[PDB]
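Student: My structure is stored as work02.pdb, with PDB, C-alpha atoms.
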ATOM      1  CA  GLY A   1      -4.831   7.866 -12.972  1.00  0.00           C
ATOM      2  CA  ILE A   2      -3.863   9.676 -16.171  1.00  0.00           C
ATOM      3  CA  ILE A   3      -0.085   9.523 -15.775  1.00  0.00           C
ATOM      4  CA  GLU A   4       0.195   6.265 -13.834  1.00  0.00           C
ATOM      5  CA  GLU A   5      -1.991   3.158 -13.937  1.00  0.00           C
ATOM      6  CA  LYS A   6      -3.584   1.873 -10.733  1.00  0.00           C
ATOM      7  CA  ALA A   7      -3.069  -1.702  -9.546  1.00  0.00           C
ATOM      8  CA  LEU A   8      -4.053  -3.976  -6.664  1.00  0.00           C
ATOM      9  CA  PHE A   9      -1.381  -6.338  -5.353  1.00  0.00           C
ATOM     10  CA  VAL A  10      -2.192  -9.627  -3.628  1.00  0.00           C
ATOM     11  CA  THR A  11       0.295 -11.667  -1.606  1.00  0.00           C
ATOM     12  CA  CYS A  12      -0.161 -14.651   0.703  1.00  0.00           C
ATOM     13  CA  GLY A  13       1.777 -16.109   3.631  1.00  0.00           C
ATOM     14  CA  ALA A  14       2.413 -19.744   4.539  1.00  0.00           C
ATOM     15  CA  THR A  15      -0.283 -19.695   7.217  1.00  0.00           C
ATOM     16  CA  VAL A  16      -2.847 -21.389   4.980  1.00  0.00           C
ATOM     17  CA  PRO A  17      -2.889 -23.143   1.608  1.00  0.00           C
ATOM     18  CA  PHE A  18      -2.557 -20.729  -1.312  1.00  0.00           C
ATOM     19  CA  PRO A  19      -5.144 -22.537  -3.432  1.00  0.00           C
ATOM     20  CA  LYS A  20      -7.713 -21.682  -0.762  1.00  0.00           C
ATOM     21  CA  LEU A  21      -6.689 -18.024  -0.934  1.00  0.00           C
ATOM     22  CA  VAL A  22      -7.266 -17.966  -4.691  1.00  0.00           C
ATOM     23  CA  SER A  23     -11.041 -18.241  -4.348  1.00  0.00           C
ATOM     24  CA  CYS A  24     -10.934 -15.409  -1.816  1.00  0.00           C
ATOM     25  CA  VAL A  25      -9.597 -13.049  -4.480  1.00  0.00           C
ATOM     26  CA  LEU A  26     -11.505 -14.470  -7.440  1.00  0.00           C
ATOM     27  CA  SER A  27     -14.962 -14.404  -5.862  1.00  0.00           C
ATOM     28  CA  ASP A  28     -18.052 -12.970  -7.551  1.00  0.00           C
ATOM     29  CA  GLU A  29     -18.170  -9.947  -5.249  1.00  0.00           C
ATOM     30  CA  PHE A  30     -14.401  -9.494  -5.035  1.00  0.00           C
ATOM     31  CA  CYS A  31     -14.080  -8.969  -8.787  1.00  0.00           C
ATOM     32  CA  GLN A  32     -17.369  -7.141  -9.312  1.00  0.00           C
ATOM     33  CA  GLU A  33     -16.665  -4.571  -6.604  1.00  0.00           C
ATOM     34  CA  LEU A  34     -13.046  -3.773  -7.441  1.00  0.00           C
ATOM     35  CA  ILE A  35     -13.865  -2.766 -11.015  1.00  0.00           C
ATOM     36  CA  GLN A  36     -16.152  -0.167  -9.449  1.00  0.00           C
ATOM     37  CA  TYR A  37     -13.507   0.936  -6.951  1.00  0.00           C
ATOM     38  CA  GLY A  38     -10.816   1.575  -9.561  1.00  0.00           C
ATOM     39  CA  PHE A  39      -8.881  -1.686  -9.289  1.00  0.00           C
ATOM     40  CA  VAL A  40      -9.136  -3.287 -12.728  1.00  0.00           C
ATOM     41  CA  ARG A  41      -5.491  -4.359 -12.638  1.00  0.00           C
ATOM     42  CA  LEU A  42      -5.263  -7.261 -10.194  1.00  0.00           C
ATOM     43  CA  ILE A  43      -1.860  -8.890  -9.727  1.00  0.00           C
ATOM     44  CA  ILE A  44      -1.617 -12.005  -7.563  1.00  0.00           C
ATOM     45  CA  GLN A  45       1.779 -13.342  -6.525  1.00  0.00           C
ATOM     46  CA  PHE A  46       2.932 -16.863  -5.693  1.00  0.00           C
ATOM     47  CA  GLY A  47       6.174 -18.816  -5.331  1.00  0.00           C
ATOM     48  CA  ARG A  48       4.843 -22.240  -6.304  1.00  0.00           C
ATOM     49  CA  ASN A  49       2.891 -23.010  -9.472  1.00  0.00           C
ATOM     50  CA  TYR A  50      -0.800 -22.516  -8.729  1.00  0.00           C
ATOM     51  CA  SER A  51      -1.742 -21.305 -12.203  1.00  0.00           C
ATOM     52  CA  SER A  52      -4.292 -24.107 -12.525  1.00  0.00           C
ATOM     53  CA  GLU A  53      -6.243 -22.625  -9.618  1.00  0.00           C
ATOM     54  CA  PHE A  54      -6.558 -19.342 -11.507  1.00  0.00           C
ATOM     55  CA  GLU A  55      -7.487 -20.929 -14.833  1.00  0.00           C
ATOM     56  CA  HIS A  56      -9.994 -23.181 -13.075  1.00  0.00           C
ATOM     57  CA  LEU A  57     -12.130 -20.384 -11.644  1.00  0.00           C
ATOM     58  CA  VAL A  58     -12.003 -18.630 -15.009  1.00  0.00           C
ATOM     59  CA  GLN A  59     -13.417 -21.769 -16.617  1.00  0.00           C
ATOM     60  CA  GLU A  60     -15.986 -21.795 -13.815  1.00  0.00           C
ATOM     61  CA  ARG A  61     -17.199 -18.460 -15.174  1.00  0.00           C
ATOM     62  CA  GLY A  62     -16.630 -19.164 -18.865  1.00  0.00           C
ATOM     63  CA  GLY A  63     -14.062 -16.379 -19.175  1.00  0.00           C
ATOM     64  CA  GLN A  64     -10.880 -16.182 -21.245  1.00  0.00           C
ATOM     65  CA  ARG A  65      -7.154 -16.211 -20.490  1.00  0.00           C
ATOM     66  CA  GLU A  66      -3.824 -15.891 -22.296  1.00  0.00           C
ATOM     67  CA  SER A  67      -0.158 -16.351 -21.413  1.00  0.00           C
ATOM     68  CA  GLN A  68       1.474 -13.025 -22.221  1.00  0.00           C
ATOM     69  CA  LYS A  69       4.883 -11.343 -22.149  1.00  0.00           C
ATOM     70  CA  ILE A  70       3.948  -9.081 -19.239  1.00  0.00           C
ATOM     71  CA  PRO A  71       6.391  -6.175 -19.039  1.00  0.00           C
ATOM     72  CA  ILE A  72       8.693  -6.280 -16.022  1.00  0.00           C
ATOM     73  CA  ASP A  73       9.206  -2.527 -16.353  1.00  0.00           C
ATOM     74  CA  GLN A  74       5.453  -1.990 -16.073  1.00  0.00           C
ATOM     75  CA  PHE A  75       4.213  -4.620 -13.627  1.00  0.00           C
ATOM     76  CA  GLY A  76       7.338  -6.564 -12.675  1.00  0.00           C
ATOM     77  CA  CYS A  77       5.946  -9.928 -13.771  1.00  0.00           C
ATOM     78  CA  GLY A  78       7.882 -12.065 -16.245  1.00  0.00           C
ATOM     79  CA  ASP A  79       7.117 -13.406 -19.717  1.00  0.00           C
ATOM     80  CA  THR A  80       5.503 -16.538 -18.291  1.00  0.00           C
ATOM     81  CA  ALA A  81       2.819 -14.491 -16.544  1.00  0.00           C
ATOM     82  CA  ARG A  82      -0.766 -15.222 -17.580  1.00  0.00           C
ATOM     83  CA  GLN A  83      -3.540 -12.672 -18.077  1.00  0.00           C
ATOM     84  CA  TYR A  84      -7.022 -13.755 -17.000  1.00  0.00           C
ATOM     85  CA  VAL A  85     -10.226 -12.169 -18.287  1.00  0.00           C
ATOM     86  CA  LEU A  86     -12.995 -11.580 -15.750  1.00  0.00           C
ATOM     87  CA  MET A  87     -16.117  -9.414 -15.609  1.00  0.00           C
ATOM     88  CA  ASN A  88     -16.267  -9.387 -19.409  1.00  0.00           C
ATOM     89  CA  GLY A  89     -12.830  -7.789 -19.679  1.00  0.00           C
ATOM     90  CA  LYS A  90     -13.531  -5.271 -16.918  1.00  0.00           C
ATOM     91  CA  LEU A  91     -11.127  -7.112 -14.621  1.00  0.00           C
ATOM     92  CA  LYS A  92      -7.644  -8.061 -15.810  1.00  0.00           C
ATOM     93  CA  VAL A  93      -5.822 -10.500 -13.536  1.00  0.00           C
ATOM     94  CA  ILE A  94      -2.096 -11.218 -13.793  1.00  0.00           C
ATOM     95  CA  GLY A  95      -0.724 -14.414 -12.262  1.00  0.00           C
ATOM     96  CA  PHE A  96       3.007 -15.105 -12.099  1.00  0.00           C
ATOM     97  CA  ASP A  97       5.537 -17.184 -10.170  1.00  0.00           C
ATOM     98  CA  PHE A  98       7.769 -14.571  -8.550  1.00  0.00           C
ATOM     99  CA  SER A  99      11.441 -15.309  -7.914  1.00  0.00           C
ATOM    100  CA  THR A 100      13.607 -12.431  -6.723  1.00  0.00           C
ATOM    101  CA  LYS A 101      12.976  -8.685  -6.687  1.00  0.00           C
ATOM    102  CA  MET A 102      10.121  -8.823  -9.194  1.00  0.00           C
ATOM    103  CA  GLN A 103       7.709  -9.053  -6.264  1.00  0.00           C
ATOM    104  CA  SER A 104       9.126  -5.778  -4.955  1.00  0.00           C
ATOM    105  CA  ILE A 105       8.755  -4.101  -8.345  1.00  0.00           C
ATOM    106  CA  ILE A 106       5.041  -4.901  -8.511  1.00  0.00           C
ATOM    107  CA  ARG A 107       4.711  -3.743  -4.907  1.00  0.00           C
ATOM    108  CA  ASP A 108       6.118  -0.314  -5.753  1.00  0.00           C
ATOM    109  CA  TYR A 109       4.006  -0.277  -8.913  1.00  0.00           C
ATOM    110  CA  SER A 110       0.825  -1.211  -7.057  1.00  0.00           C
ATOM    111  CA  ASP A 111      -1.261   1.172  -4.955  1.00  0.00           C
ATOM    112  CA  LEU A 112      -2.617  -1.203  -2.321  1.00  0.00           C
ATOM    113  CA  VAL A 113      -1.121  -4.348  -0.795  1.00  0.00           C
ATOM    114  CA  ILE A 114      -3.190  -7.289   0.430  1.00  0.00           C
ATOM    115  CA  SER A 115      -1.624  -9.692   2.923  1.00  0.00           C
ATOM    116  CA  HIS A 116      -3.328 -13.051   3.410  1.00  0.00           C
ATOM    117  CA  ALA A 117      -2.074 -13.865   6.906  1.00  0.00           C
ATOM    118  CA  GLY A 118       1.412 -12.889   5.745  1.00  0.00           C
ATOM    119  CA  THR A 119       4.466 -11.935   7.797  1.00  0.00           C
ATOM    120  CA  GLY A 120       7.297 -10.424   5.757  1.00  0.00           C
ATOM    121  CA  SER A 121       4.669  -9.122   3.337  1.00  0.00           C
ATOM    122  CA  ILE A 122       3.391  -6.920   6.158  1.00  0.00           C
ATOM    123  CA  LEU A 123       6.904  -5.605   6.772  1.00  0.00           C
ATOM    124  CA  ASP A 124       7.279  -5.067   3.028  1.00  0.00           C
ATOM    125  CA  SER A 125       4.239  -2.820   2.616  1.00  0.00           C
ATOM    126  CA  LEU A 126       5.123  -0.905   5.779  1.00  0.00           C
ATOM    127  CA  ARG A 127       8.683  -0.571   4.489  1.00  0.00           C
ATOM    128  CA  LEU A 128       7.707   0.504   0.976  1.00  0.00           C
ATOM    129  CA  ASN A 129       5.280   3.093   2.339  1.00  0.00           C
ATOM    130  CA  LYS A 130       2.254   1.349   0.839  1.00  0.00           C
ATOM    131  CA  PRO A 131      -1.205   1.013   2.378  1.00  0.00           C
ATOM    132  CA  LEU A 132      -1.839  -2.463   3.753  1.00  0.00           C
ATOM    133  CA  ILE A 133      -4.922  -4.624   4.188  1.00  0.00           C
ATOM    134  CA  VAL A 134      -4.274  -7.686   6.345  1.00  0.00           C
ATOM    135  CA  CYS A 135      -6.633 -10.664   6.283  1.00  0.00           C
ATOM    136  CA  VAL A 136      -6.373 -12.778   9.431  1.00  0.00           C
ATOM    137  CA  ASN A 137      -6.860 -16.526   9.845  1.00  0.00           C
ATOM    138  CA  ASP A 138      -9.721 -18.428  11.472  1.00  0.00           C
ATOM    139  CA  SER A 139      -7.233 -19.942  13.908  1.00  0.00           C
ATOM    140  CA  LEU A 140      -6.866 -16.490  15.453  1.00  0.00           C
ATOM    141  CA  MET A 141      -8.995 -15.887  18.545  1.00  0.00           C
ATOM    142  CA  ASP A 142     -12.051 -13.762  17.769  1.00  0.00           C
ATOM    143  CA  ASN A 143     -10.996 -11.402  20.556  1.00  0.00           C
ATOM    144  CA  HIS A 144      -7.532 -11.143  19.012  1.00  0.00           C
ATOM    145  CA  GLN A 145      -9.080 -10.426  15.614  1.00  0.00           C
ATOM    146  CA  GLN A 146     -10.929  -7.370  16.915  1.00  0.00           C
ATOM    147  CA  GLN A 147      -7.990  -6.406  19.126  1.00  0.00           C
ATOM    148  CA  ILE A 148      -5.714  -6.195  16.088  1.00  0.00           C
ATOM    149  CA  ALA A 149      -8.390  -4.424  14.050  1.00  0.00           C
ATOM    150  CA  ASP A 150      -8.906  -1.814  16.766  1.00  0.00           C
ATOM    151  CA  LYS A 151      -5.251  -0.779  16.740  1.00  0.00           C
ATOM    152  CA  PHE A 152      -4.775  -0.914  12.971  1.00  0.00           C
ATOM    153  CA  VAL A 153      -7.898   1.207  12.545  1.00  0.00           C
ATOM    154  CA  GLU A 154      -6.508   3.551  15.189  1.00  0.00           C
ATOM    155  CA  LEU A 155      -3.367   3.677  13.051  1.00  0.00           C
ATOM    156  CA  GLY A 156      -5.275   4.549   9.881  1.00  0.00           C
ATOM    157  CA  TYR A 157      -2.661   3.045   7.566  1.00  0.00           C
ATOM    158  CA  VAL A 158      -3.498  -0.632   8.020  1.00  0.00           C
ATOM    159  CA  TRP A 159      -6.884  -2.339   7.742  1.00  0.00           C
ATOM    160  CA  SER A 160      -7.738  -5.720   9.254  1.00  0.00           C
ATOM    161  CA  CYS A 161     -10.179  -8.103   7.576  1.00  0.00           C
ATOM    162  CA  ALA A 162     -11.947 -11.244   8.790  1.00  0.00           C
ATOM    163  CA  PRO A 163     -11.025 -14.733   7.598  1.00  0.00           C
ATOM    164  CA  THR A 164     -13.713 -14.939   4.919  1.00  0.00           C
ATOM    165  CA  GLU A 165     -14.157 -14.414   1.179  1.00  0.00           C
ATOM    166  CA  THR A 166     -16.072 -11.233   1.985  1.00  0.00           C
ATOM    167  CA  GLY A 167     -14.150  -9.608   4.832  1.00  0.00           C
ATOM    168  CA  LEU A 168     -11.341  -8.713   2.431  1.00  0.00           C
ATOM    169  CA  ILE A 169     -13.505  -7.006  -0.188  1.00  0.00           C
ATOM    170  CA  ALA A 170     -15.282  -5.282   2.690  1.00  0.00           C
ATOM    171  CA  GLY A 171     -11.921  -3.811   3.684  1.00  0.00           C
ATOM    172  CA  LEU A 172     -11.276  -3.017   0.023  1.00  0.00           C
ATOM    173  CA  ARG A 173     -14.507  -1.051   0.180  1.00  0.00           C
ATOM    174  CA  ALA A 174     -13.284   0.488   3.432  1.00  0.00           C
ATOM    175  CA  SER A 175      -9.982   1.388   1.776  1.00  0.00           C
ATOM    176  CA  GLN A 176     -11.832   4.347   0.271  1.00  0.00           C
ATOM    177  CA  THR A 177     -14.936   4.668   2.443  1.00  0.00           C
ATOM    178  CA  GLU A 178     -12.940   4.525   5.678  1.00  0.00           C
ATOM    179  CA  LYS A 179      -9.613   6.153   6.531  1.00  0.00           C
ATOM    180  CA  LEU A 180      -6.839   4.104   4.944  1.00  0.00           C
ATOM    181  CA  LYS A 181      -3.685   5.891   3.806  1.00  0.00           C
ATOM    182  CA  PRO A 182      -0.173   4.908   2.738  1.00  0.00           C
ATOM    183  CA  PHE A 183       2.068   4.126   5.709  1.00  0.00           C
ATOM    184  CA  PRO A 184       4.164   7.255   6.175  1.00  0.00           C
ATOM    185  CA  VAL A 185       6.745   5.947   8.634  1.00  0.00           C
ATOM    186  CA  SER A 186       9.845   4.629   6.877  1.00  0.00           C
ATOM    187  CA  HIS A 187      11.633   3.501  10.036  1.00  0.00           C
ATOM    188  CA  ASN A 188      12.266  -0.222   9.687  1.00  0.00           C
ATOM    189  CA  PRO A 189      12.329  -1.205  13.356  1.00  0.00           C
ATOM    190  CA  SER A 190       9.476   1.163  14.194  1.00  0.00           C
ATOM    191  CA  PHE A 191       6.599  -0.741  12.595  1.00  0.00           C
ATOM    192  CA  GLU A 192       8.428  -4.024  13.145  1.00  0.00           C
ATOM    193  CA  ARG A 193       7.797  -3.854  16.891  1.00  0.00           C
ATOM    194  CA  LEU A 194       4.850  -1.456  16.822  1.00  0.00           C
ATOM    195  CA  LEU A 195       2.538  -3.106  14.314  1.00  0.00           C
ATOM    196  CA  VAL A 196       3.925  -6.532  13.440  1.00  0.00           C
ATOM    197  CA  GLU A 197       5.248  -7.756  16.788  1.00  0.00           C
ATOM    198  CA  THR A 198       3.035  -6.086  19.382  1.00  0.00           C
ATOM    199  CA  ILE A 199      -0.289  -6.030  17.557  1.00  0.00           C
ATOM    200  CA  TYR A 200      -0.377  -8.500  14.672  1.00  0.00           C
ATOM    201  CA  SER A 201       1.688 -11.277  16.246  1.00  0.00           C
TER     202      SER A 201
END
Here is a file; write its structure as structure tokens.
Tutor:
Amino acid sequence: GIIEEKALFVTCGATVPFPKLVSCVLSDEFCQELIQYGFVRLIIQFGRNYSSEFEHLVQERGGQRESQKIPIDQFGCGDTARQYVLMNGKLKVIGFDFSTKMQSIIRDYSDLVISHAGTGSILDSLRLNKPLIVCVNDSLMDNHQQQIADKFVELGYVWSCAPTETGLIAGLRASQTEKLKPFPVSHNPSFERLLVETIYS
């Protein structure tokens, strides 16, 4: 914490609309809890411009925001990235349209990766040896939701969350309360079939 700054990385798949996943990571509890967990640096990635969805919810709380030259060396975001002010400055949110390897820079920089029903993003965290919280969709069978959770909890390096605006932050509470550690196995095809294919898919 002294030498390196902590950061929480959010990424979404194509399973559901991104705009809908914005409110899941800018909720009252989501922001309020993280600043007590040690995640005051929240970086949320997207490929298509959804910056209006971030500014909107800020205006829905009367907060501030500023387009800043966010260091690539530090976070990985570009100069068009926007900083959003939540929780009276206690939560700093960076939004940026990622292009190439900048999304991998922020991944390595971050401590914890959130996958909103993602696919390659799951492989990425498991490849980069980062701890992974995976939020499932509401199209997934309830039995399959628990089935995946059971095995990821057995693993102890991935945490499954329900398809709500509260299941994620519950897992982000469980990231410290419950056993959740960085994925140690660096074998590409190992977690590909083990975790992604067999269990998740």
Student: How many Å lie between atom CA of residue 78 of chain A and atom CA of residue 102 of chain A, rounded to one decimal?
Tutor: 8.1 Å
Student: Name the residues that the PyMOL selection byres ((chain A and resi 36-47) around 6) pulls out of this structure, and write them as JSON, numbers by chain.
Tutor: {"A": [7, 8, 9, 10, 11, 33, 34, 35, 48, 91, 92, 93, 94, 95, 96, 97, 98]}
Student: Just the number, please: distance in Å from atom CA of residue 112 of chain A to atom CA of residue 133 of chain A, one decimal.
Tutor: 7.7 Å
Student: Quick one, how far is atom CA of residue 188 of chain A from atom CA of residue 101 of chain A?
Tutor: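 Computing it gives 18.4 Å between the two atoms.
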Student: Please list as a list in words every residue within 9 Å of residue 136 of chain A, counting all atoms listed in the file and excluding residues in the same chain fewer than 2 positions away.
Tutor: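 Final neighbour list, sorted by chain and number: residues 115, 116, 117, 118, 134, 138, 139, 140, 145, 160, 161, 162, 163 and 164 of chain A.
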Student: Counting all atoms listed in the file, which residue out of A:159, A:18, A:152, A:183 sits closest to residue 199 of chain A?
Tutor: A:152
Student: Set the distance at 6 Å and use all atoms listed in the file: which residues neighbour residue 85 of chain A once local chain neighbours fewer than 5 positions away are removed? I'd like the list as number ranges by chain.
Tutor: A: 63-65, 92
Student: So what does the PyMOL selection byres ((chain A and resi 166) around 10) actually pick up in this one, as number ranges by chain?
Tutor: A: 24-25, 27-30, 161-165, 167-172
Student: Report the residues retrieved by the PyMOL selection byres ((chain A and resi 131) around 10) from the displayed file, expressed as a list in words.
Tutor: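 Applied to this file, the PyMOL selection byres ((chain A and resi 131) around 10) selects residues 110, 111, 112, 113, 114, 122, 125, 126, 128, 129, 130, 132, 133, 156, 157, 158, 159, 175, 180, 181, 182, 183 and 184 of chain A.
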